[PDB]
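Visitor: Structure in structure tokens, see below.
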Amino acid sequence: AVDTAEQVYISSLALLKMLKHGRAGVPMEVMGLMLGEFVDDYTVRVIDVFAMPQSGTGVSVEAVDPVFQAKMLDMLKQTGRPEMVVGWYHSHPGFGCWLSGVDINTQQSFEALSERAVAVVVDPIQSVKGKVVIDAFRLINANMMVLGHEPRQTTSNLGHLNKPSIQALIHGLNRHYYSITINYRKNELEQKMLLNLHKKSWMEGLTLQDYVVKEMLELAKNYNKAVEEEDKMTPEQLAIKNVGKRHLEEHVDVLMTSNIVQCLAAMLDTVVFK
Amino acid sequence: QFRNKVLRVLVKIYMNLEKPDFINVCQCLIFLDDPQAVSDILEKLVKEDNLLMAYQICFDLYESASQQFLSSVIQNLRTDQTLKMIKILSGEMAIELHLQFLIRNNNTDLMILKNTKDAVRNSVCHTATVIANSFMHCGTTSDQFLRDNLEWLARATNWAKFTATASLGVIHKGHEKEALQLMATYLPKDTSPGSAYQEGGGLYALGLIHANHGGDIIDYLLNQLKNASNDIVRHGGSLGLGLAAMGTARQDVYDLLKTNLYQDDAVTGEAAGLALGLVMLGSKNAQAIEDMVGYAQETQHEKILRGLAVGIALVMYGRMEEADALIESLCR
Amino acid sequence: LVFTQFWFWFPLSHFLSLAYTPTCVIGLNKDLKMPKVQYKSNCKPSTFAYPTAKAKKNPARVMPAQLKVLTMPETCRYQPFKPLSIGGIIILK
């Protein structure tokens, strides 16, 4: 009967599905439902997510198709272990994450259906690995506003929750809402598999063709030698100047690494082969 | 290793001296942990009839020794002068006189409480205020600073009030003898039967009162926990029971604690695990550590695991580089 | 330790009660005989009077730094068995 600083675990599969689905229909403002799982009031988890079919209505409650969800749930029960649908996600491409009247109506409907009905908001605003614009919201009824909003009983997690603070538009519509802490679900096997993926796939680590390297190197070193020779004037003047109450140029770590690697290539050249 | 041998050699040298100064004789008991040795020297003093030194060394060790072996010392002493010796090496008459000293002298300012009150924020810092007032008169049994206003405890969520009643208990620390009736005065049924939060807080306060103070309160709390709800109340009750039986190593409480841990409950299980760790304080009992570590990775709750963390940490301690196997296992 | 852990839980704060040992210096001659000793601090109260080098008092709010400076009042018939270098429960004879 009291809220707290709860947490939602998101499986890597879940966030990947959410982001790809959102990018799929950015102009269309796509939406869907998740298949989450209950552990306790403090924490709740989500593992799988499916895409509700495109509908011209938008994020309307009617957009949910009972036959579609029933069929998907039955199929999942047949193959693997499904779980009850925690809530809904949608992409609000406008600016960051927030909610609207229709969104709050849908959330209220689900809250009538279940307990948390957590809402998820994504956007096309993304970075290569540095945006995660996703966010999670949950509504507050207007009956208990006399009572405390979110009874807090932990300083560390409450402060961590406040660290994201609230977005400009979020304050513009923060009422009837209270964001809930999100975190990536523990990931080891998936983490290890991805880490192996990077070396060979997401960046040049084939390790068999890993070793121009003697064609253009002469020219690159020529450019950098000329540039350093030029830059050497500024330290000259700086030293020339007296006490009087742009020498820092580095440009040497790059040459160091490049040509030391090129020289080391002799190890492949003379021994590894032949 | 060198420490024990040098200590025993030097204490032998000392008692070989004409006057076995009990101050330097306490090294065996407090550093070399020779409860039998301290018992024997106390017996020699008793037959020598110098009760002055007897209770001097008794108080010295009592205020500068761990109960785990004081129990053995008392056992050896037991099997008049003997009765007085047992009393002083008994349920903390030193604590009684300390609390008498504390109540006899207090310097507390109401204006600080008032400055907190008028600066009320209508937010979580209610709990911070109640705990601060608890710290103010810890063991003073002077709640009038709070008895004056009955709204600071009437304007909190059912959960913070648990902390408030725990603070009330903390203010009243050391009476022991009357603690039963004193807590009953604010008994959960008397205060708020519907607030099971206060129900658990009552047991938590009762446990806090007898901090390290062994007695029948341990068995009483054991029975209460046995006949009570598994989750809604058991958190505070189990926590207090574990605290009151700290380091007692008794199996009759260990069984209940392990059952609670194995009741796969989150709201109270973390307190259960904290108590489990507390009771097995520095025992190095491999059975307990293996049980707790195995159960840690076996469940799927954070709160349970967060509590079990400190529980394990407190299980085995004071061994320097002795439990390194466990350290490495947990570190990796 | 429990206090440090209280960042993830508030109710645990009360545990600091266990970590509270007052600096009062307790003195008793007989089993219960309260003594009328008044050690002379031989220093300015200043620190003592927290809201003329001397001090008197049973145990009082005397701190280890002030305890080390306290002077044992031999003028009285009974005296402590062990010195009064640092506080605690020093019995008298």
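Chain labels A, B, ... are given in the sequence in which chains occur in the structure tokens; within each chain residues are numbered consecutively from 1, and ligands are likewise numbered from 1 in the order shown.
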Taking only C-alpha atoms into account, find every residue of chain C that has an atom no more than 6 Å from chain A, and write it out as a list in words.
Guide: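 Taken together, these residues fit the definition: residues 7, 8, 9 and 10 of chain C.
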Visitor: Which chain B residues are at most 10 Å from chain C (counting only C-alpha atoms), as JSON, numbers by chain?
Guide: {"B": [23, 51, 52, 53, 55, 56, 59, 60, 63, 84, 88, 94, 97, 98, 101, 102, 104, 105, 106, 107, 108, 109, 127, 128, 131, 132, 134, 135, 138, 139, 159, 160, 161, 162, 163, 164, 166, 167, 169, 170, 171, 173, 201, 205, 208, 209, 211, 212, 236, 239, 243, 271, 274, 303, 306, 307, 310, 313, 314]}
Visitor: Grab the residues selected above and save them as a compact mmCIF listing (two decimals), in the first residue's frame with C-alpha atoms.
Guide:
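The resulting out.txt:
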# COMPACT_ATOMS: atom_id res chain seq x y z
CA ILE B 23 46.50 -5.90 35.00
CA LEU B 51 38.01 -9.51 46.69
CA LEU B 52 39.25 -6.02 45.83
CA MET B 53 41.59 -7.31 43.12
CA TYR B 55 36.29 -7.69 41.16
CA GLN B 56 38.81 -5.19 39.81
CA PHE B 59 35.34 -5.51 35.72
CA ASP B 60 38.47 -4.95 33.65
CA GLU B 63 34.61 -4.11 29.87
CA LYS B 84 29.59 -11.93 44.25
CA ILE B 88 30.14 -9.20 38.68
CA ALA B 94 28.36 -2.70 35.37
CA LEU B 97 25.53 1.26 37.33
CA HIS B 98 26.53 2.83 34.00
CA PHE B 101 25.31 7.22 36.06
CA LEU B 102 23.78 8.24 32.71
CA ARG B 104 21.91 10.88 37.01
CA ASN B 105 23.61 13.25 34.54
CA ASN B 106 22.12 14.57 31.30
CA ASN B 107 22.80 17.69 29.21
CA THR B 108 20.23 17.89 26.40
CA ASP B 109 18.71 20.92 24.68
CA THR B 127 12.83 9.40 9.85
CA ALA B 128 16.10 11.31 10.13
CA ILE B 131 16.60 8.77 14.65
CA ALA B 132 18.42 11.98 15.61
CA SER B 134 17.00 8.70 19.43
CA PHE B 135 20.73 9.43 19.31
CA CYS B 138 20.37 7.05 23.75
CA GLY B 139 19.67 5.07 26.91
CA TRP B 159 6.97 1.78 7.55
CA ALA B 160 8.70 4.86 8.88
CA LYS B 161 6.69 4.40 12.07
CA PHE B 162 8.58 1.13 12.44
CA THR B 163 11.79 3.15 12.59
CA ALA B 164 10.11 5.59 14.97
CA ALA B 166 12.65 1.40 17.07
CA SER B 167 14.02 4.81 18.02
CA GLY B 169 13.18 1.57 22.09
CA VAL B 170 16.71 2.86 21.55
CA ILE B 171 16.14 5.87 23.80
CA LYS B 173 18.44 1.18 26.61
CA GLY B 201 8.92 -2.51 15.82
CA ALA B 205 12.90 -2.36 20.27
CA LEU B 208 17.62 -3.43 20.96
CA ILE B 209 17.14 -2.87 24.69
CA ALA B 211 21.96 -5.24 23.19
CA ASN B 212 24.52 -7.98 23.90
CA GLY B 236 12.07 -6.65 13.04
CA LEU B 239 16.52 -8.81 13.66
CA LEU B 243 20.99 -8.81 17.99
CA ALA B 271 16.67 -9.09 8.26
CA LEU B 274 21.49 -10.14 8.94
CA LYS B 303 17.12 -7.36 -0.86
CA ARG B 306 22.01 -7.49 -0.06
CA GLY B 307 21.30 -8.53 3.52
CA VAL B 310 26.76 -8.22 5.26
CA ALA B 313 30.86 -10.58 6.08
CA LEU B 314 29.96 -10.61 9.78
Visitor: Skip residue 43 of chain C itself and residues of its chain fewer than 6 positions away, then list as an mmCIF file with C-alpha atoms, in the first residue's frame all residues within 8 Å of it, counting only C-alpha atoms.
Guide:
data_model
loop_
_atom_site.group_PDB
_atom_site.id
_atom_site.type_symbol
_atom_site.label_atom_id
_atom_site.label_comp_id
_atom_site.auth_asym_id
_atom_site.auth_seq_id
_atom_site.Cartn_x
_atom_site.Cartn_y
_atom_site.Cartn_z
ATOM 1 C CA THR C 52 41.249 28.578 37.650
ATOM 2 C CA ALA C 53 42.650 25.106 36.961
ATOM 3 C CA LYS C 54 40.436 22.656 38.852
ATOM 4 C CA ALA C 55 37.549 20.208 38.597
ATOM 5 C CA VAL C 69 45.122 15.175 32.957
#
Visitor: Using Å and a single decimal, report how far atom CA of residue 166 of chain A sits from atom CA of residue 42 of chain A.
Guide: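 Computed distance, atom CA of residue 42 of chain A to atom CA of residue 166 of chain A, equals 21.1 Å.
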Visitor: Using only C-alpha atoms, what does the table of chain B residues within 10 Å of chain A look like, with each row giving the shortest atom pair and its distance in Å to one decimal, sorted by chain and ascending number, as a Markdown table?
Guide:
| residue | atom | partner | partner_atom | distance |
| --- | --- | --- | --- | --- |
| B:122 | CA | A:148 | CA | 8.7 |
| B:123 | CA | A:148 | CA | 7.8 |
| B:124 | CA | A:152 | CA | 6.5 |
| B:125 | CA | A:152 | CA | 9.9 |
| B:127 | CA | A:153 | CA | 8.9 |
| B:155 | CA | A:147 | CA | 9.6 |
| B:156 | CA | A:148 | CA | 8.7 |
| B:157 | CA | A:151 | CA | 7.0 |
| B:158 | CA | A:2 | CA | 8.1 |
| B:159 | CA | A:153 | CA | 8.2 |
| B:160 | CA | A:153 | CA | 7.6 |
| B:163 | CA | A:153 | CA | 10.0 |
| B:265 | CA | A:40 | CA | 9.4 |
| B:266 | CA | A:40 | CA | 7.5 |
| B:267 | CA | A:40 | CA | 8.6 |
| B:300 | CA | A:39 | CA | 7.8 |
| B:301 | CA | A:39 | CA | 7.2 |
| B:302 | CA | A:43 | CA | 8.1 |
| B:303 | CA | A:42 | CA | 8.5 |
Visitor: Given the selection you just returned, output its residues as a file containing N, CA and C atoms, formatted as a compact mmCIF listing (two decimals), in the first residue's frame.
Guide:
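Heads up, here's the output in part.txt:
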# COMPACT_ATOMS: atom_id res chain seq x y z
N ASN B 122 8.12 17.90 5.73
CA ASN B 122 7.04 17.04 5.28
C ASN B 122 7.55 16.03 4.25
N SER B 123 8.60 15.31 4.62
CA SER B 123 9.25 14.39 3.69
C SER B 123 10.02 13.35 4.51
N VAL B 124 10.89 12.60 3.82
CA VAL B 124 11.55 11.46 4.43
C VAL B 124 12.33 11.87 5.67
N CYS B 125 12.80 13.11 5.73
CA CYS B 125 13.66 13.53 6.83
C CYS B 125 12.91 13.45 8.16
N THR B 127 12.08 10.51 9.28
CA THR B 127 12.83 9.40 9.85
C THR B 127 14.18 9.88 10.39
N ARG B 155 2.48 11.48 11.79
CA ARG B 155 2.52 12.03 10.44
C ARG B 155 3.57 11.31 9.61
N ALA B 156 3.55 9.98 9.65
CA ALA B 156 4.52 9.17 8.92
C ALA B 156 3.81 8.01 8.24
N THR B 157 4.44 7.50 7.19
CA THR B 157 3.91 6.34 6.49
C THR B 157 4.15 5.08 7.30
N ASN B 158 3.25 4.12 7.15
CA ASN B 158 3.34 2.87 7.91
C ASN B 158 4.52 2.08 7.37
N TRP B 159 5.68 2.30 7.98
CA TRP B 159 6.97 1.78 7.55
C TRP B 159 8.04 2.64 8.21
N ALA B 160 7.88 3.95 8.09
CA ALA B 160 8.70 4.86 8.88
C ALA B 160 8.36 4.76 10.36
N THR B 163 10.55 2.52 12.15
CA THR B 163 11.79 3.15 12.59
C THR B 163 11.55 4.04 13.80
N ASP B 265 11.47 -15.62 1.39
CA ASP B 265 10.75 -14.37 1.50
C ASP B 265 11.74 -13.22 1.44
N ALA B 266 11.34 -12.13 0.79
CA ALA B 266 12.22 -10.99 0.55
C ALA B 266 12.08 -9.90 1.60
N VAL B 267 10.85 -9.55 1.98
CA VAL B 267 10.65 -8.39 2.86
C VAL B 267 11.32 -8.62 4.21
N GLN B 300 16.67 -15.33 -6.06
CA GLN B 300 16.45 -14.35 -7.12
C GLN B 300 15.83 -13.08 -6.56
N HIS B 301 16.36 -12.61 -5.43
CA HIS B 301 15.95 -11.33 -4.86
C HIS B 301 17.20 -10.52 -4.55
N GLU B 302 17.10 -9.20 -4.72
CA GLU B 302 18.22 -8.34 -4.36
C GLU B 302 18.27 -8.10 -2.86
N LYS B 303 17.14 -7.68 -2.28
CA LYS B 303 17.12 -7.36 -0.86
C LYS B 303 17.65 -8.53 -0.03
Visitor: Mind listing the alpha helix (DSSP H) residues of segment 25-85 of chain C, per DSSP on the backbone, as a PyMOL selection string?
Guide: chain C and resi 64-69
Visitor: With N, CA and C atoms retained, could you export that selection as a tab-separated table (two decimals), in the first residue's frame?
Guide:
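part_10.tsv, freshly written:
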chain	number	residue	atom	x	y	z
C	64	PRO	N	38.57	11.48	27.42
C	64	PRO	CA	39.90	10.85	27.54
C	64	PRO	C	41.03	11.86	27.59
C	65	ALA	N	40.97	12.91	26.78
C	65	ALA	CA	41.99	13.95	26.84
C	65	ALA	C	42.00	14.62	28.20
C	66	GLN	N	40.82	14.93	28.74
C	66	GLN	CA	40.74	15.47	30.09
C	66	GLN	C	40.98	14.40	31.14
C	67	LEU	N	40.66	13.14	30.83
C	67	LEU	CA	40.92	12.07	31.78
C	67	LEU	C	42.41	11.92	32.05
C	68	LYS	N	43.23	12.00	31.00
C	68	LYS	CA	44.66	11.82	31.19
C	68	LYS	C	45.26	12.90	32.08
C	69	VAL	N	44.61	14.07	32.15
C	69	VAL	CA	45.12	15.17	32.96
C	69	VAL	C	44.56	15.18	34.37
Visitor: Any idea what the distance is between atom CA of residue 227 of chain B and atom CA of residue 187 of chain B?
Guide: 17.0 Å
Visitor: Please identify the strand (DSSP E or B) residues within segment 21-268 of chain A (assignment by DSSP from backbone atoms) and present them as a CSV table (one decimal) with N, CA, C and O atoms, in the first residue's frame.
Guide:
chain,number,residue,atom,x,y,z
A,31,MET,N,4.3,1.1,-31.4
A,31,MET,CA,4.1,0.7,-30.0
A,31,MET,C,4.0,-0.8,-29.9
A,31,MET,O,3.8,-1.5,-30.9
A,32,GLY,N,4.0,-1.3,-28.6
A,32,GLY,CA,3.8,-2.7,-28.4
A,32,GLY,C,3.7,-3.0,-26.9
A,32,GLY,O,3.8,-2.1,-26.1
A,33,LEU,N,3.7,-4.3,-26.6
A,33,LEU,CA,3.5,-4.8,-25.2
A,33,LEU,C,4.7,-5.7,-24.9
A,33,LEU,O,5.3,-6.3,-25.7
A,34,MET,N,5.1,-5.7,-23.6
A,34,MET,CA,6.2,-6.5,-23.1
A,34,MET,C,5.6,-7.8,-22.4
A,34,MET,O,4.4,-7.8,-22.2
A,35,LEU,N,6.4,-8.7,-22.1
A,35,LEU,CA,6.1,-9.9,-21.3
A,35,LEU,C,7.0,-9.9,-20.1
A,35,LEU,O,8.1,-10.5,-20.2
A,36,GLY,N,6.6,-9.3,-19.1
A,36,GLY,CA,7.4,-9.1,-17.9
A,36,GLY,C,7.1,-10.2,-16.8
A,36,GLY,O,6.2,-11.0,-17.0
A,37,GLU,N,7.8,-10.1,-15.7
A,37,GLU,CA,7.7,-11.1,-14.6
A,37,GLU,C,7.8,-10.4,-13.3
A,37,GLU,O,8.6,-9.5,-13.1
A,38,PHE,N,7.1,-10.9,-12.3
A,38,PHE,CA,7.0,-10.3,-11.0
A,38,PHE,C,8.0,-11.1,-10.1
A,38,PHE,O,8.1,-12.3,-10.1
A,43,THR,N,11.3,-4.8,-6.9
A,43,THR,CA,11.9,-5.1,-8.2
A,43,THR,C,10.9,-5.9,-9.1
A,43,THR,O,10.1,-6.7,-8.6
A,44,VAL,N,11.0,-5.6,-10.4
A,44,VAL,CA,10.3,-6.4,-11.4
A,44,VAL,C,11.1,-6.5,-12.6
A,44,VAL,O,11.9,-5.6,-12.9
A,45,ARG,N,11.0,-7.6,-13.4
A,45,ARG,CA,11.9,-7.8,-14.5
A,45,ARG,C,11.1,-8.0,-15.8
A,45,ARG,O,9.9,-8.2,-15.8
A,46,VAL,N,11.8,-7.8,-16.9
A,46,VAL,CA,11.3,-8.0,-18.2
A,46,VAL,C,12.3,-8.7,-19.1
A,46,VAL,O,13.5,-8.3,-19.0
A,47,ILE,N,11.9,-9.7,-19.9
A,47,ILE,CA,12.8,-10.5,-20.7
A,47,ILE,C,12.4,-10.4,-22.1
A,47,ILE,O,13.3,-10.2,-23.0
A,48,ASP,N,11.2,-10.6,-22.5
A,48,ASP,CA,10.7,-10.7,-23.9
A,48,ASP,C,9.7,-9.6,-24.2
A,48,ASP,O,9.0,-9.1,-23.3
A,49,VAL,N,9.7,-9.2,-25.5
A,49,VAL,CA,8.8,-8.2,-26.0
A,49,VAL,C,8.4,-8.5,-27.4
A,49,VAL,O,9.2,-8.9,-28.2
A,50,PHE,N,7.1,-8.4,-27.7
A,50,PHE,CA,6.6,-8.5,-29.1
A,50,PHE,C,6.1,-7.2,-29.6
A,50,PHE,O,5.7,-6.3,-28.8
A,88,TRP,N,3.4,-1.6,-21.6
A,88,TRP,CA,3.5,-1.2,-23.0
A,88,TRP,C,4.6,-0.2,-23.2
A,88,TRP,O,5.0,0.5,-22.2
A,89,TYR,N,5.2,-0.3,-24.4
A,89,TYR,CA,6.3,0.6,-24.8
A,89,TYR,C,5.8,1.3,-26.1
A,89,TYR,O,5.0,0.8,-26.8
A,90,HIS,N,6.3,2.6,-26.2
A,90,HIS,CA,6.1,3.3,-27.5
A,90,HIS,C,7.2,4.3,-27.7
A,90,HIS,O,8.0,4.6,-26.7
A,91,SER,N,7.4,4.7,-28.9
A,91,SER,CA,8.4,5.7,-29.3
A,91,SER,C,7.8,7.1,-29.4
A,91,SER,O,6.9,7.3,-30.3
A,119,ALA,N,5.1,1.9,-18.1
A,119,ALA,CA,5.2,2.4,-19.4
A,119,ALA,C,6.6,2.7,-19.8
A,119,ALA,O,7.5,3.1,-19.0
A,120,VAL,N,6.9,2.4,-21.1
A,120,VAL,CA,8.3,2.6,-21.6
A,120,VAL,C,8.2,3.6,-22.8
A,120,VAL,O,7.3,3.5,-23.7
A,121,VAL,N,9.2,4.5,-22.8
A,121,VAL,CA,9.2,5.5,-23.8
A,121,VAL,C,10.6,5.5,-24.5
A,121,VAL,O,11.6,5.5,-23.8
A,122,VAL,N,10.6,5.4,-25.8
A,122,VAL,CA,11.9,5.5,-26.6
A,122,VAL,C,11.8,6.6,-27.6
A,122,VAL,O,10.7,7.2,-27.8
A,135,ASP,N,13.2,5.3,-21.3
A,135,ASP,CA,12.9,5.6,-20.0
A,135,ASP,C,11.6,4.9,-19.6
A,135,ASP,O,10.8,4.4,-20.4
A,136,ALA,N,11.4,4.8,-18.3
A,136,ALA,CA,10.2,4.1,-17.7
A,136,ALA,C,9.4,5.1,-16.8
A,136,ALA,O,10.0,5.7,-16.0
A,137,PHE,N,8.1,5.1,-17.0
A,137,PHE,CA,7.2,6.0,-16.3
A,137,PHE,C,6.1,5.1,-15.7
A,137,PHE,O,5.8,4.0,-16.1
A,139,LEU,N,2.2,6.0,-13.5
A,139,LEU,CA,1.3,7.1,-13.0
A,139,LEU,C,0.9,6.9,-11.6
A,139,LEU,O,1.0,5.9,-11.0
A,177,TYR,N,2.6,11.3,-12.5
A,177,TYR,CA,3.7,10.4,-12.9
A,177,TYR,C,4.8,10.4,-11.9
A,177,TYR,O,4.9,11.3,-11.1
A,181,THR,N,13.2,3.6,-11.4
A,181,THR,CA,14.6,3.3,-11.8
A,181,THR,C,14.6,2.1,-12.7
A,181,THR,O,13.9,1.0,-12.5
A,182,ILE,N,15.5,2.2,-13.7
A,182,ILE,CA,15.7,1.1,-14.7
A,182,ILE,C,17.1,0.7,-14.6
A,182,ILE,O,18.0,1.4,-14.2
A,183,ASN,N,17.4,-0.6,-14.9
A,183,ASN,CA,18.7,-1.0,-15.1
A,183,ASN,C,18.8,-2.3,-16.0
A,183,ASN,O,17.9,-3.1,-16.0
A,184,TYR,N,19.9,-2.4,-16.7
A,184,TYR,CA,20.2,-3.5,-17.5
A,184,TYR,C,20.3,-4.8,-16.7
A,184,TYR,O,21.0,-4.8,-15.7
Visitor: What does the structure give for the distance between atom CA of residue 14 of chain B and atom CA of residue 27 of chain B, in Å to one decimal?
Guide: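 Separation between atom CA of residue 14 of chain B and atom CA of residue 27 of chain B: 10.6 Å.
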Visitor: As an MDAnalysis selection string, please: the residues near residue 240 of chain B (cut-off 7 Å, only C-alpha atoms, same-chain neighbours under 4 positions excluded).
Guide: chainID B and resid 203:204 206:208 236 244
Visitor: Limited to N, CA and C atoms, could you put the picked residues into a file as a compact mmCIF listing (two decimals), in the first residue's frame?
Guide:
# COMPACT_ATOMS: atom_id res chain seq x y z
N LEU B 203 9.02 -5.73 18.85
CA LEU B 203 10.04 -6.76 19.04
C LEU B 203 11.42 -6.22 18.72
N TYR B 204 11.53 -5.39 17.68
CA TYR B 204 12.83 -4.80 17.36
C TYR B 204 13.35 -3.97 18.52
N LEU B 206 12.48 -4.29 21.71
CA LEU B 206 12.80 -5.19 22.80
C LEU B 206 14.18 -5.79 22.62
N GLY B 207 14.49 -6.24 21.40
CA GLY B 207 15.82 -6.76 21.13
C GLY B 207 16.89 -5.71 21.31
N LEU B 208 16.63 -4.49 20.83
CA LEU B 208 17.62 -3.43 20.96
C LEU B 208 17.94 -3.16 22.42
N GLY B 236 11.53 -7.30 11.86
CA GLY B 236 12.07 -6.65 13.04
C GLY B 236 12.26 -7.61 14.19
N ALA B 244 20.01 -9.48 20.12
CA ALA B 244 20.04 -9.80 21.54
C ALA B 244 20.83 -11.07 21.83
Visitor: Could you name the residues that touch residue 124 of chain A at 12 Å or less, counting only C-alpha atoms, but leaving out those on the same chain fewer than 2 positions away, as an mmCIF file with C-alpha atoms, in the first residue's frame?
Guide:
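out18.cif written:
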data_model
loop_
_atom_site.group_PDB
_atom_site.id
_atom_site.type_symbol
_atom_site.label_atom_id
_atom_site.label_comp_id
_atom_site.auth_asym_id
_atom_site.auth_seq_id
_atom_site.Cartn_x
_atom_site.Cartn_y
_atom_site.Cartn_z
ATOM 1 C CA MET A 18 12.616 -2.103 -28.230
ATOM 2 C CA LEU A 19 15.198 0.084 -29.952
ATOM 3 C CA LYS A 20 15.090 -1.780 -33.264
ATOM 4 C CA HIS A 21 11.286 -1.748 -33.289
ATOM 5 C CA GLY A 22 11.258 1.965 -32.541
ATOM 6 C CA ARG A 23 13.724 2.768 -35.299
ATOM 7 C CA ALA A 24 11.616 0.616 -37.618
ATOM 8 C CA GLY A 25 8.565 2.877 -37.427
ATOM 9 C CA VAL A 26 9.907 6.231 -36.256
ATOM 10 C CA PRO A 27 7.508 8.303 -38.420
ATOM 11 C CA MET A 28 4.609 6.017 -37.492
ATOM 12 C CA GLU A 29 5.075 6.211 -33.699
ATOM 13 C CA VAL A 30 5.064 2.440 -33.234
ATOM 14 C CA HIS A 90 6.111 3.275 -27.476
ATOM 15 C CA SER A 91 8.424 5.687 -29.260
ATOM 16 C CA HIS A 92 7.762 9.377 -28.726
ATOM 17 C CA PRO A 93 10.048 10.809 -31.423
ATOM 18 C CA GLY A 94 9.140 14.427 -30.674
ATOM 19 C CA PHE A 95 11.754 15.196 -28.026
ATOM 20 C CA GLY A 96 13.105 12.846 -25.383
ATOM 21 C CA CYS A 97 10.521 11.004 -23.310
ATOM 22 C CA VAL A 121 9.229 5.533 -23.833
ATOM 23 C CA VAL A 122 11.884 5.475 -26.560
ATOM 24 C CA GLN A 126 20.323 7.853 -30.117
ATOM 25 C CA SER A 127 24.100 7.607 -29.990
ATOM 26 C CA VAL A 128 26.325 4.762 -31.137
ATOM 27 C CA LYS A 131 22.277 7.740 -25.548
ATOM 28 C CA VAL A 132 19.955 4.984 -24.250
ATOM 29 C CA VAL A 133 17.161 7.555 -24.453
ATOM 30 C CA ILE A 134 14.761 4.871 -23.172
#
Visitor: Residues within 10 Å of residue 90 of chain B, please, as a ChimeraX atom specification. Count only C-alpha atoms; anything in the same chain fewer than 6 positions from it doesn't count.
Guide: /B:58,62,70-71,74,83-84,213-214
